[PDB]
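The structure appears right after this line, and notes come after that.
Please treat every number below as a calculation from the coordinates, not as lab data. Here Cβ is always computed from backbone atoms with ideal geometry, including for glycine, and neighbour counts include all displayed protein chains.
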Amino acid sequence: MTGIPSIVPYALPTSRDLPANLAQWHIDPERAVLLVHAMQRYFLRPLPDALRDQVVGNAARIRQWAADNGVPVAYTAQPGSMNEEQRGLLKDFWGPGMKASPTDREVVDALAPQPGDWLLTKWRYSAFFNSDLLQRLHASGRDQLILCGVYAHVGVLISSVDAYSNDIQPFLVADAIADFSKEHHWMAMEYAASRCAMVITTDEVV
Amino acid sequence: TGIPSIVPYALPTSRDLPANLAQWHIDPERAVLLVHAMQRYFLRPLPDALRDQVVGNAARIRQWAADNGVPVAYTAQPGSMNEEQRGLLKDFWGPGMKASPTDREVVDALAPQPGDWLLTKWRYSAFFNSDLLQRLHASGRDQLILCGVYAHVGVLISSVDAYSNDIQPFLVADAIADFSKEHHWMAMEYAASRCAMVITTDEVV
Ligand SMILES: C=C(O[C@H]1C=CC=C(C(=O)O)[C@@H]1N)C(=O)O
Ligand SMILES: C=C(O[C@H]1C=CC=C(C(=O)O)[C@@H]1N)C(=O)O
Ligand SMILES: [Cl-]
Ligand SMILES: [Cl-]
Ligand SMILES: [Cl-]
Ligand SMILES: [Cl-]
């Protein structure tokens, strides 16, 4: 129903497993925002537990780093219970989607937003789409986006593409993202590294 | 170019396409044909035979478009992008093509005709800082048939963006080309499972 397949568990990439970055960017905490992409209960539910816990543990470490380094933390979250118009073509792939219910829509407790964090609404794959993300990045004078969350090859990648397209340098945190499969997750990193983003590991940010 | 050396490969046929999850169908009253980045600069790295096949199929879909009153939209970069325009494209793709006709023209076999939508390509999405969405909207068209290059880059990202805009995209799998068969197949697989119908030229015509 969810359109989200059964997720076959897999090991997260380590530093050694990343594709070669073509861009030469580096996170500057004065320039960066940490995008915690779609770490809603609904989206993490299909992750097997160990992998989920690994990914979320990494995202959490990056979040604390961002807090320590004055980097805005932006959470994207679908509102739930999208009507048929709001859902649009998401229905065809992903069914009606999550409910506007805490069981579905809350960001997971391990990543609980803190006061002042950017709470962004997710509508489509790109975190920019119909969101305030770009405007906030401009206002905050932040032109780097550090991405963690789910799903690597879907909103995370497409958000990184959009960021890139908007001349926002994206950094995909390879071990703070998770995906439908190892193959997808690797595909996402390969795409990002070769097309729109730096691919890095959590340890490389902190 | 940052465009890798392209390893020739055979274009997919209907049998080779991934399963479509969506159940859409091209309706000529609803559709626009996007000829995506079929500029000489972007076709130059293609080996000739593959290029000719892709261009030929694009040309077949173009003709079908014209015969069915489907607007044909060409995207094309302006060439010689300045720093502001080029942005982070520089880091992946160098300074890009020149504004010379030799680079920037739409290939002759796909020459735009009077009336066709001449859109400017800036970024991977054909919608990015273009007029595509506004034109789809004004023209009442909510399907986008994509051909062109590169499958996994602007074609796919254009499809994603179309999709995200509730514009049903149809990826014409044999009227696109890419940096490699693996990219091309990845694009089709992505599209079919996330944002588009993947179809062949024959299935349009
Ligand atoms: C976690 C993401 O959200 C998409 C993917 C699966 C299901 C979805 C839904 O039911 O709305 C979302 N369109 C992401 O974009 O990566
Ligand atoms: C054919 C496309 O254009 C991008 C990819 C390769 C090189 C480019 C450049 O030099 O600007 C474009 N950014 C496409 O988006 O697929
Ligand atoms: Cl594994
Ligand atoms: Cl928002
Ligand atoms: Cl082949
Ligand atoms: Cl335009």
### Task
Name the residue, out of B:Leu33, B:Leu171, B:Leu17, whose mean-square fluctuation peaks in a Gaussian network model built on chain B with Cα pairs under 10 Å.
B:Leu17
#### Entry: For segment B:79-121: relative contact order, % (alpha-carbon pairs under 8 angstrom, 6 or more apart)
33
### Message
Springs between alpha-carbon pairs under 10 angstrom, Gaussian network model over chain A: which of A:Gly95, A:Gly80, A:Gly149 fluctuates most?
### Response
A:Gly95
### Query
Using a Gaussian network for chain B with springs between C-alpha atoms less than 10 Å apart, which of these wobbles most: B:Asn20, B:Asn129, B:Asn82?
B:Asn82
### Summary
Exposure-ranked with fewest Cβ neighbours within 10 Å first, A:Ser181, B:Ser159, A:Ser15 stand as A:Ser15, A:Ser181, B:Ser159
### Query
Which value, in debye to the nearest 20, gives the size of the charge dipole of chain B about its Cα centre, when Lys and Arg are +1 and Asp and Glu are -1 at the Cβ?
340
### Whole-Å distance, taken between Cα centres, linking segment B:1-42 and segment A:111-184
27
### Message
Along its three principal axes, how long is chain B when you only count alpha carbons? Whole Å, largest extent first please.
### Response
41, 37, 29
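Note down the magnitude of the dipole of segment A:40-133 about its Cα centre, charges +1 on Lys and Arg C-beta and -1 on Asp and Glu C-beta and zero elsewhere, to the nearest 20 debye. Spell out each step's value before the answer.
Working: 11 positive and 11 negative charges, 31 e Å.
The calculated dipole for segment A:40-133 is roughly 140 debye.
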### Task
Could I have the simple spin-label model distance between A:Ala110 and B:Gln23, label points 7 Å from Cα toward Cβ, reported in nm to one decimal?
3.8
### Summary
Karplus ³J(HN,Hα) for segment A:162-170 (6.51 cos²θ - 1.76 cosθ + 1.60, θ = phi - 60°; Hz, whole; x = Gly/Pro) runs 5, 3, 3, 5, 7, 6, 9, 6, x
### Query
What is the percent of Cα-Cα separations in segment A:41-144 that go past 15 Å?
68
### Message
What are the ³J(HN,Hα) couplings of segment B:73-82, residue after residue, when phi is run through the Karplus curve with 6.51, -1.76, 1.60 and θ = phi - 60°? Round to Hz, x for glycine and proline.
### Response
10, 9, 9, 7, 5, x, x, 6, 4, 6
#### Entry: Fewest-first ranking of B:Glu83, A:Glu30, using other Cβ atoms within 10 Å as the exposure measure
B:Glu83, A:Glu30
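With a cut-off of 8 Å between alpha carbons and a minimum separation of six or more residues, what is the relative contact order of segment A:85-182 in percent?
On the way: 101 pairs, mean separation 20.4, N = 98.
Result for segment A:85-182 is 21 percent.
When a/c reaches 1.5 or more, the comparison of a/b and b/c decides; with that in mind, is segment B:83-189 rounded, prolate or oblate per its Cα gyration tensor? Mind dumping the intermediate values first?
Working: a/c = 1.32, a/b = 1.11, b/c = 1.19.
Because its axes are fairly even, with a/c under 1.5, segment B:83-189 counts as rounded.
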### Query
Does a label point 7 Å from the Cα of B:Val205, set along Cα-to-beta-carbon, have any residues of segment B:38-65 with amide nitrogen under 15 Å, and which are they?
B:52-65
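Among the listed pairs A:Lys122/B:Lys121; A:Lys99/B:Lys181; A:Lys182/B:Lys121; A:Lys91/B:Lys121; A:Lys99/B:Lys121; A:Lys91/B:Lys98, which are separated by more than 31 Å between their Cα atoms? Intermediate results must be reported in sequence, preceding the final value.
Working: A:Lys122/B:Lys121 26 Å; A:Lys99/B:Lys181 40 Å; A:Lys182/B:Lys121 33 Å; A:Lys91/B:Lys121 29 Å; A:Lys99/B:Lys121 38 Å; A:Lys91/B:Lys98 42 Å.
Listed pairs above 31 Å: A:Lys99/B:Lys181; A:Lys182/B:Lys121; A:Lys99/B:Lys121; A:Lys91/B:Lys98.
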